[PDB]
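Here the Cβ is made from the backbone with ideal geometry for all residues, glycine too, and neighbour counts use every protein chain on show. What follows draws every value from the coordinates through simple rules; no lab data is involved.
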Amino acid sequence: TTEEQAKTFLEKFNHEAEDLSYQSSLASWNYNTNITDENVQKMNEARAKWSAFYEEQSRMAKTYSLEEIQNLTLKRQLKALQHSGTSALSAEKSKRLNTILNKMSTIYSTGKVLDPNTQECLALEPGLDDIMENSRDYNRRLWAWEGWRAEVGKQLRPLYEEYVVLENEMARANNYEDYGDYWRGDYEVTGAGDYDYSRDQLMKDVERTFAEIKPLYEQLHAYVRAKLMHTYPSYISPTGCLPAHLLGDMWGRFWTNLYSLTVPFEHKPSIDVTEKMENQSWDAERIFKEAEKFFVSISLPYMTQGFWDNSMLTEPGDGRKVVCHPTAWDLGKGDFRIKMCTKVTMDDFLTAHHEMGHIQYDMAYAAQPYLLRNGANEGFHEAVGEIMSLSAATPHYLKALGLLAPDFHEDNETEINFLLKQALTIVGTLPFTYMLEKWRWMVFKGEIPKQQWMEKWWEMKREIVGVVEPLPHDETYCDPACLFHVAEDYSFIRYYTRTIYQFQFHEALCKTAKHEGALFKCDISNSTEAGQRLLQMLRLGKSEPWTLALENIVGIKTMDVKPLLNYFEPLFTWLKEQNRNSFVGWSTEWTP
Amino acid sequence: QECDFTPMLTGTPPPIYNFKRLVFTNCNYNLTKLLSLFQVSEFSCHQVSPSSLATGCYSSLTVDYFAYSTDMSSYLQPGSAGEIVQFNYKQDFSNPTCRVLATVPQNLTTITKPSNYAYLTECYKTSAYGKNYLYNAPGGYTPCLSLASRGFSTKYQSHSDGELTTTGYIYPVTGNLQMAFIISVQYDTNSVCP
Ligand SMILES: *[C@@H]1O[C@H](CO[C@@H]2O[C@@H](C)[C@@H](O)[C@@H](O)[C@@H]2O)[C@@H](O[C@@H]2O[C@H](CO)[C@@H](O[C@@H]3O[C@H](CO)[C@@H](O)[C@H](O)[C@@H]3O)[C@H](O)[C@H]2NC(C)=O)[C@H](O)[C@H]1NC(C)=O
Ligand SMILES: *[C@@H]1O[C@H](CO[C@@H]2O[C@@H](C)[C@@H](O)[C@@H](O)[C@@H]2O)[C@@H](O[C@@H]2O[C@H](CO)[C@@H](O[C@@H]3O[C@H](CO)[C@@H](O)[C@H](O)[C@@H]3O)[C@H](O)[C@H]2NC(C)=O)[C@H](O)[C@H]1NC(C)=O
Ligand SMILES: *[C@@H]1O[C@H](CO)[C@@H](O[C@@H]2O[C@H](CO)[C@@H](O)[C@H](O)[C@H]2NC(C)=O)[C@H](O)[C@H]1NC(C)=O
Ligand SMILES: *[C@@H]1O[C@H](CO)[C@@H](O)[C@H](O)[C@H]1NC(C)=O
Ligand SMILES: *[C@@H]1O[C@H](CO)[C@@H](O)[C@H](O)[C@H]1NC(C)=O
Ligand SMILES: *[C@@H]1O[C@H](CO)[C@@H](O)[C@H](O)[C@H]1NC(C)=O
Ligand SMILES: [Zn+2]
């Protein structure tokens, strides 16, 4: 019937897609490690060929009816192939949407603010970022924070208004309620019984987990406010929100750069093995050999010989221009590579472990059909990458490698410093991510008319994040669009769920490893049972619903935030003891 | 009945997925003379010893040889996995065996050098439900051998006949040629004696 013809069609598609995808990936790799005009031309040609093939195959796939297909693997492949996207719009509307997207990207990339004192124009990178990351001058930070939003966001406001309308039209053309519902379609599971998951369930689950996250974040917020009152007397209310321009970066997405102002025990130095690595004459190859040994110790496979002779592990010195962003590449047909400009530092050590975890995930699901070769959903890959870095940083793993002395002493003040630094990065970014995505969902849905976009932006900031703007902004501003992911049309909730997944995976493996003690001291090295448990989920790829894969690794099919609170419990106790003579919480009435 | 190892010393050694197999019976093997012609770098035996291999009688003596870089010796180990064992060569441990990795000295001129070292990275049947990988049996050949006989001129190159797909990897030969020998003994019982 229809299923047999669809099976024939999918066999043909799978046979023909391999070579084209591989050639496009190889051209992209050759451009990225060797920047020349001819390489750009070759990369563009390969991408054009792949795009033409994929468009023709999607057009052919749309003729088959999903309701007639019984097998779920074929149904998933056909549903992936039958999505039109912007092609559901008319040609004029699609051209207008592309023009708007390119204009917003260019405005973000080339925006500049003119410093009155020195007659110098600063771009966001590196000019304004250096001020927000390192300045302790209230006025200089205020100048940068206000100038970026006045110079760039006011240009993006009308473009973003047009972009919202066009994307809603696109989403309704593909049988979605709106563009946010379209984005939330990533987590949707249908026709699987107890494993089904709707698009509204995602919003319900996010709200439920954030309500549980709130008390720890309030303790952290009070501690940070009390610390910052020493650096900025007369600028910070003891019972109010934090001013938005004193949070360590341009948006307050991370609180990391505040560590030097908030370290609980300044006299105790952190663990850093860089000097020990320099004393023993390490190089990048040895770092990656150690990462490979770590993965072998938990019964994962070795790297391939092609991985060793085709990767770019150090920055070349032969006159080639490269990009030094660490990436893991799955080109296809057994070709796995890593691009990284490795230095001899502890951070590069952790990054090597993280990227080799990406490679291991890519290798596990290599037998799946092409359209199903990815993580279970958009948050799985990065969580898998993060747990390896969690294991690699513990003193146990470093003492086993000889990077610490055998008689190394672990005092609890060093541990509290480490936990506070982890919290500044992990706990502090969750309310930001949640608030941003909630605002975008309400804008796409239409619950916020454009006459109140900014009004609802700062009302939510004060009430969910405890952050207050230093200057009031009317509807000529577009503050959310001054962030990269908003201006480049990227969904943001992946950064939330990934966090929830991370500590769910870690705690599940540490129990399989029979770890005794606190969760933040867990190292899963030399535990083959934990490796097998991880491989059970990794081999699935995207051929099963993500709830089934989650139940495979952790034993339940739902997102839970209790493992995260279990990771930070000693810090939670210390914080509640430190804030005993401080106000916990904020008011939404005080303003700078 | 002197044993003749001459065909192994003549010609070009093949790639690993197309390894050469020589069976000897009713022979008198001068193993030391054979091994003295190469600069031996690795000699690992299973169920036997290197000294015990060069002594005693066997019913049959099998030698599987191919061109193989010694720097890949880790992928040719008992219990090791990966593409080499899966798609190119699986060592059969149902009998005493010995794996020898050696280097060809510039003295020997009858052994001509291949252009590249080569191996297969995958061998599978295609379908709508993914790849059905085909694995080597212990001591057997790959089912993608006929496809791989076409040849490979670039890294990660595929040959398909419609129901079978194979992908190959090549890299140039630099310096002296390196080879791998797999020696197996099966054991009337005094056909092959020292
Ligand atoms: C993962 O496990 C390896 C191997 O562990 C070894 O086998 C296990 C089944 C247990 O029986 C272990 O006790 C056993 O060591 C660990 O590597 C090993 O570390 C130990 C540290 O005690 C090393 O012992 C030292 O060896 C040197 C000689 O090289 C002597 O100078 C020392 O006095 C001391 O005995 C041992 O050599 C080493 N083994 C190998 C093969 O490297 C590894 O540390 C562990 N990883 C983690 C993160 O815990
Ligand atoms: C680091 O740890 C020390 C030592 O605490 C001891 O070791 C820990 C690993 C745990 O097992 C503890 O149970 C164990 O005692 C901590 O110092 C200790 O703090 C406690 C408070 O939690 C102090 O108890 C107080 O003692 C006085 C009497 O002197 C009473 O007035 C108080 O009501 C209260 O009972 C304890 O005295 C103190 N110990 C010492 C030797 O000073 C330390 O707080 C901890 N630091 C961090 C940052 O976690
Ligand atoms: C980096 O790119 C340049 C040019 O894009 C490469 O130079 C080419 O090398 C090929 C060798 O196959 C020559 O035939 C071409 O004539 C060269 N082109 C130019 C413009 O010089 C160069 O080889 C690349 N580098 C690496 C390491 O691959
Ligand atoms: C789909 O078919 C494959 C192979 O025929 C089988 O393994 C799988 O269980 C089937 N799935 C469903 C949902 O019918
Ligand atoms: C085996 O060959 C070696 C050459 O190295 C020779 O010395 C030895 O006598 C031979 N063994 C015999 C003839 O039994
Ligand atoms: C042959 O190899 C032997 C073994 O070392 C060496 O002595 C001899 O010089 C080589 N032959 C030539 C012609 O160099
Ligand atoms: Zn990553």
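Tabulated values for the structure
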| read-out | value |
| --- | --- |
| Over region A:2-83, relative contact order from alpha-carbon pairs under 8 Å, at least 6 apart, % | 39 percent |
| Anisotropy class of chain A from Cα gyration tensor, a/c 1.5 cut | rounded |
| For region A:154-222 and region A:294-341, distance of Cα centres in Å | 35 Å |
| Difference of contour (0.36 nm per residue) and Cα-Cα distance, residue A:112 to residue A:412 | 103.4 nm |
| Label point distance in nm, residue B:160-residue A:15, each placed 7 Å from Cα along Cα→Cβ | 0.7 nm |
| Dipole of the protein assembly as shown, positive end: most advanced residue of B:70, A:368, B:142 [Cβ charges, Cα centre] | B:142 |
| Residue-averaged [θ]222 nm for the protein assembly as shown, counting only DSSP H segments that reach four residues, each worth -39500 (n - 2.57) | -13500 deg cm²/dmol |
| Overall dimensions of region A:2-83 as given by Cα atoms, namely Rg and Dmax in Å | 15.9, 50 |
| Taking region B:1-153 and dividing mean pair separation by its residue count, relative contact order in percent (alpha carbons under 8 Å, at least six apart) | 32 percent |
| Average partner coverage of A:330-338, which counts Cβ from other chains inside 10 Å | 3 |
| Residue pairs, from the table A:75/B:131; A:214/A:399; B:90/B:131, whose Cα atoms sit over 26 Å apart | A:214/A:399 |
| Listed pairs A:293/A:542; A:79/B:125; A:339/A:511; A:42/A:339 exceeding 26 Å between Cα atoms | A:293/A:542; A:339/A:511 |
| For the protein assembly as shown, with +1 on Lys and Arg beta carbons and -1 on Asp and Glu, the positive-most of A:308, A:384, A:217 along the dipole | A:308 |
| Region A:91-173: equivalent-ellipsoid semi-axes (sqrt of 5 x gyration tensor eigenvalues, Cα, Å) | 33, 12, 10 |
| Set of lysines with alpha-carbon distance to residue A:227 below 19 Å, sequence-local pairs under 8 removed | A:268, A:421, A:576 |
| About the Cα centre, charge dipole magnitude for the protein assembly as shown (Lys/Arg +1, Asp/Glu -1 at Cβ), debye | 840 debye |
| Percentage relative contact order, region B:116-172, counting C-alpha pairs under 8 Å, at least six apart | 45 percent |
| For region A:501-587: rounded, prolate or oblate by the Cα gyration tensor [a/c cutoff 1.5] | oblate |
| Partner chain coverage, peptide A:380-392 - average Cβ within 10 angstrom | 0 |
| 13 Å Cα-Cα reach of residue B:20 towards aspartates and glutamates, excluding residues that sit fewer than 8 places from it in its own chain | B:64 |
| Options A:256, A:174, A:566, ranked by Cα towards positive dipole end of the protein assembly as shown, top entry (Cβ charges) | A:174 |
| Inter-chain Cβ neighbour average for residues A:300-311, partner chain, 10 Å | 4 |
| Protection-proxy order for peptides B:151-159, A:485-493, A:436-444, each taking the mean of Cβ atoms within 10 Å per residue, highest first | A:436-444, A:485-493, B:151-159 |
| Cα-centred dipole magnitude for region B:1-157, charges only on beta-carbon of K, R (+1) and D, E (-1), debye, nearest 20 | 360 debye |
| Residue-span extension gain [residue A:123 to residue A:576] - 0.36 nm each, minus C-alpha spacing | 159.0 nm |
| DSSP H segments from chain A that extend 24 Å or more along their own axis, Cα-based, with Kyte-Doolittle mean of -1.0 or above | A:91-110, A:154-173, A:199-231, A:346-364, A:494-512 |
| Gyration tensor (alpha-carbon) shape descriptor, region A:269-369, a/c threshold 1.5 | oblate |
